[PDB]
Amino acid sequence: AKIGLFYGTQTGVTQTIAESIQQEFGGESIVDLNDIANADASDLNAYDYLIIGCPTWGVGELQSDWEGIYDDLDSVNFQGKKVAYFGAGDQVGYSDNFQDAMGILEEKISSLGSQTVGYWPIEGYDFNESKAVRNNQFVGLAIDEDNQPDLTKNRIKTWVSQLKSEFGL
């Protein structure tokens, strides 16, 4: 497929979101779903457009599978690639570290010459601090199944619609 979606998940929520994103884009013919747990960093080279999904765990840390491949990101040719991000988090329980993992990945990947695409507004959330916030916006789609599960479907629908422009669709 033209778009490669790489996600990591601990309790399965992020995988469910990844599947919904794939569906909104039009299915398997448009977006490839790849669990980062089973991927080599080089797998990310095969796509010109990437979607990176990662939930935040351990109080402001990356999900373990993303943590494992983090050091190899440096060897990937990210130059000129457009990359979008999404993450699952809990704004009530972790108000000071909401969506930090998504922020950690974007900071690293954007520093390797890629172009971040898919900024999202922070106004629909209530949190104190987040490493995923840049200039009053999230670097990607923030999903909260723990406190706002009823907003998930429309958030994905809206975000994908916005992404289609950026990915030449």
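Numbering starts at 1 and runs along the sequence shown.
Engineer: As stated in the PDB record, which stretch has the larger average Cα B-factor, 42-50 or 113-121?
Structural biologist: Averaging CA B-factors over each stretch, the winner is 42-50.
Engineer: Averaging only over Cα atoms, indicate whether 65-73 or 27-35 has the higher B-factor in the PDB entry.
Structural biologist: Higher of the two, by average CA B-factor, is 65-73.
Engineer: Classify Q22 as lowest, middle or highest third according to the C-alpha B-factor given in the PDB entry, relative to its own chain.
Structural biologist: Tercile = lowest for this residue's CA B-factor.
Engineer: In terms of the CA temperature factor given in the entry, to which third of its chain does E129 belong: lowest, middle or highest?
Structural biologist: It belongs to the highest third of the chain when residues are ordered by C-alpha B-factor.
Engineer: Check where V59 lands among this chain's C-alpha B-factors and tell me if it's the lowest, middle or highest third.
Structural biologist: According to the entry, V59 has a C-alpha B-factor in the chain's highest third.
Engineer: Report the third (lowest, middle or highest) to which the CA temperature factor of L169 belongs, ranking only the modelled residues of the same chain.
Structural biologist: Highest third.
Engineer: Where does the C-alpha B-factor of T16 rank in its chain, lowest, middle or highest third?
Structural biologist: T16: CA B-factor falls in the middle third of its chain.
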